[PDB]
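Q: Sharing a structure, written as structure tokens. Questions coming.
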Amino acid sequence: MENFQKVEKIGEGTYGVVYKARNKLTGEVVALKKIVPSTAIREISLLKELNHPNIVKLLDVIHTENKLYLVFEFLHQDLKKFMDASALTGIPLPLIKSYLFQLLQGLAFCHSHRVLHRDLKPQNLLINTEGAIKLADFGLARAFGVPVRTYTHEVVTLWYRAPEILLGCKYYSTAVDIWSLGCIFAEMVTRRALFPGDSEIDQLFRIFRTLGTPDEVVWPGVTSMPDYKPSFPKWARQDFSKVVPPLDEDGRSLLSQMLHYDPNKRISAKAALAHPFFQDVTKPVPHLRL
Ligand SMILES: Cc1nc(C)c(-c2ccnc(N/C=N\O)n2)s1
């Protein structure tokens, strides 16, 4: 731990602040996240062996006097920022399409080894001047979870949370990740969050008012879920043409499938890569201001 010299604060996570750190030894620049039991360790240690070009590498795990340290490779920017930096113009489609392609490539990899992220948001997606984007804090939800607030004495984000999770399902699959990504995808195209809910019920209803209130017809077993309430308002499904304009039909189709209520009907990572939308996929370069 005394092998790193803090430089600045890359930000604050839901369970620990992130710092950019100089590696006294190698002298390499790394992302250091401070955070305990043994089960977690065995788990987060297992993540070290998991590596993919689009999965932000967990270089080394460091546990000292009940003070956990995650050492990650460093990337200079996250999508949340890059987006704020492109709100006026907007990310070019070719970059959106590639960013989604690579993201699923990664998702496909993790899910393949049955590793869910549970909490994908732009802020956990990192990019480099070379045109690549990677997933960060992946598989960390399994190790621990989330309090009532956060370490930073605040509150997380529900905006990208799937409905099964919002409805009480305690045994959710990889499908939840596809939902989050699909939301992100939509944000990239419109430059505004899809379901910016400010509470679980707001989150749910906001989702209801766009895709209609679910039921056994489109989501078999939906009424038997823990937090499902028969008294839910019955909204009608809005036209997707009004949701992600001006995205083309290939996009709307692909998105529609990433947002199917029924998790098992929801499109998978491996499958999304073969969807017509990636017929003309390339690898543009971003224009980050460092
Ligand atoms: C929240 C974050 N979680 C991780 C793992 C982050 C991260 C990872 C790599 N590089 C960076 N740096 C971003 N800007 O300087 N941030 S930011």
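Residue numbering for chain A follows Swiss-Prot; the residues present correspond to positions 1-35, 44-298, in that order.
Structure method, as recorded: X-ray crystallography, 2.8 Å.
In case you wondered, yes, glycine gets a Cβ from its N, Cα and C as well.
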Q: Check the candidates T14, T26, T218 against Swiss-Prot and report the one noted as phosphothreonine.
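A: When Swiss-Prot is consulted, phosphothreonine appears for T14.
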Q: Run through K6, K24, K89, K250 and tell me the one Swiss-Prot describes as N6-acetyllysine.
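A: Looking at Swiss-Prot, the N6-acetyllysine feature maps to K6.
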Q: From the set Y15, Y77, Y180, which residue is assigned the annotation phosphotyrosine by Swiss-Prot?
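A: Among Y15, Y77, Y180, the one Swiss-Prot marks as phosphotyrosine is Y15.
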Q: Give the subset of the recorded positions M1, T14, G16, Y19, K89 lying near ligand 1, defined as CB under 6 A from any of its atoms.
A: none
Q: Here are some modified residues: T14, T160. Which one has the most Cβ atoms within 10 Å of its Cβ?
A: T14
Q: Taking just the CA atoms, what is the gap between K6 (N6-acetyllysine) and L83 (ATP binding site) in Å?
A: 16
